[PDB]
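Below you will find one chain, with nothing else, as structure tokens; this is the form deposited in one PDB entry, and questions on how it binds or moves follow later.
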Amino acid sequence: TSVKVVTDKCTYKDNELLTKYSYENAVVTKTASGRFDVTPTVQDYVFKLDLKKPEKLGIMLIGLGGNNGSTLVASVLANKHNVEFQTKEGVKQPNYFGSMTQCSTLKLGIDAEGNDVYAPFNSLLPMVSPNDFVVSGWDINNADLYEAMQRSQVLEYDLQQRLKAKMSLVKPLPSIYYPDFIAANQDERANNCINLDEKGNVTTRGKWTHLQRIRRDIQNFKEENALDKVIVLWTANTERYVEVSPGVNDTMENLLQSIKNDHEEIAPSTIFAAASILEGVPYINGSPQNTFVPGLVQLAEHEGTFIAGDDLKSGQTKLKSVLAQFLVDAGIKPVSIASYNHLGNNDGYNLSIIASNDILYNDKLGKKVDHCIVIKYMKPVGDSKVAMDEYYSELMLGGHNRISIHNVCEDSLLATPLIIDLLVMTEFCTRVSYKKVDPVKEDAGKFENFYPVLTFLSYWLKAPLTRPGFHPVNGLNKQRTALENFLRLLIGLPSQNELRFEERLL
């Protein structure tokens, strides 16, 4: 499918789309007798979109041999090659269910009877297909992707067998292993490392050489596959937070020298992110550690390359967000949120809204929500994960409400389509540039790319890497709306209002 809007806001020229958009917002000021003084603001923009998308997109994953990496490669091959497979429920055709860019829809408007008309999320503007991903990456373990699948226990046995021949040919590149950064148990899995000494052992020495090695890898992968575009994504084991100290990783220059100095606060991801930036390739952090120290963020700004992330947002987390928001929107006051969960995969083994509502949360009836988060490792559960979150909330006149959400599913089958989403949306953003219109000075403007931090990806990240003078904004619903309204405006359509006046009125 394809979409064509009749608008005077858009002009297509030589695989290039120019769109006018007037951004409206409002600045508020509450004071005195509690009066909210709101002053609307307007800012006109011109968006430019390279309509020409990569025929093939290179993807390089750190942790390629794990559950997510294994599964991501399997899904691209299975789908690209229409690899149907046998299950106890019969033959099945591959798909990308769980992917918003591949399997969700957006409301374009209404037809003749006044009913909504939805179109595929990726049918509005040109987006790259996961079927066109050319995937590679690094892993401290040398097992090929077929062996990786076997070890992960995520995919149907018969699907692994039909993909055996191809997955066996995929081997992860050696990686950077600095033992002290991951969960104890690891020196055994690590058997494919570049950072070796004269005798071929450990070594956290030569971090800048490691950095160079990684940059060569990116250059090699790019040329050997005749790839113009490449994106890097960390989906490896969570590392132990790095301390942010002045003079070391506080600035571009400082960080860069610290790496050269083989400093203790220079983790493997730090080098991967730095190497990607230096190569000009977008870098996404799918783990919770804080690799985006202030010195790295400056580097990206300096280089003018995109970065994003900090922990892939799990399904349970999303649901929690949606659920908590719903209660509050309805004026329900949650007092506690007991969250629990346990899995038996390597991820867990390694791991082995009050502000918006002062009516409910204030200094008279309570401003806090007692909530605990427990994550246990239960090996016999496998990739399958069991999450349970309970909400005990206050209702009117001394009443209470207890809601329990139980969730069971193979974690990696949820994570892989989200990785696909992060990759497709990241590529899409790279082809987007803009320029703010100066009311007074007609021209002179020059297009620019988004701020080096792609917050448009917050939908898929648990802890959004916040830009300096602003606070992170989660709220899953608010996050999809933004993405939806962005595609909309690029094609000359206004944000969704839900007013349906062609029904409520006259």
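The numbering used is simple: start at 1 and walk along the sequence shown. Note that the rigid core is defined as the largest set of C-alphas that superpose within 1.5 Å between two forms.
In all of the other compared structures of this protein with flanking residues present, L476 is modelled, so it falls below the one-third mark for missing coordinates. Modelled in this chain, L422 is likewise resolved in all the other entries of the protein that span it on both sides, not missing from even a third of them. According to the record, the deposited sequence contains no missing residues between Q212 and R213, so the chain is continuous there.
Averaged over Cα atoms, the B-factor as recorded in the entry is higher for 303-311 than for the other of 275-283 and 303-311. Once the C-alpha B-factors are averaged per stretch, 260-268 and 72-80 rank with 260-268 first.
Set against one another, the Cα B-factors of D411, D187, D144, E394 in the record reach their highest point at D187. In the deposited coordinates, the residue among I405, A338, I110, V232 with the greatest CA B-factor is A338. Residue-level temperature factors show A148 in the lowest third of its chain, judged at the C-alpha atom.
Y45 sits in the lowest third of its chain by CA B factor, as recorded in the PDB entry. For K171, the recorded CA temperature factor ranks within the middle third of the chain's modelled residues. When all modelled residues of the chain are sorted by CA temperature factor, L51 is found within the middle third. Among the modelled residues of its chain, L57 has a C-alpha B-factor that falls in the lowest third according to the deposited record.
The next section is about a form of this same protein that is not shown, the form deposited in another entry.
For the residues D50, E442, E448, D44, superposed on the rigid core between this form and the one not shown, a C-alpha shift of 2 angstroms or more shows up only at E442. After superposing the rigid core, the C-alpha of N185 moves by 2 Å or more between this form and the one not shown. A change of 3 Å or more separates the two forms for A184 and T291: their C-alpha atoms lie closer together in the other form. In comparison with the shown form, the Cα-Cα distance of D180 and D187 increases by at least 3 angstroms in the other form.
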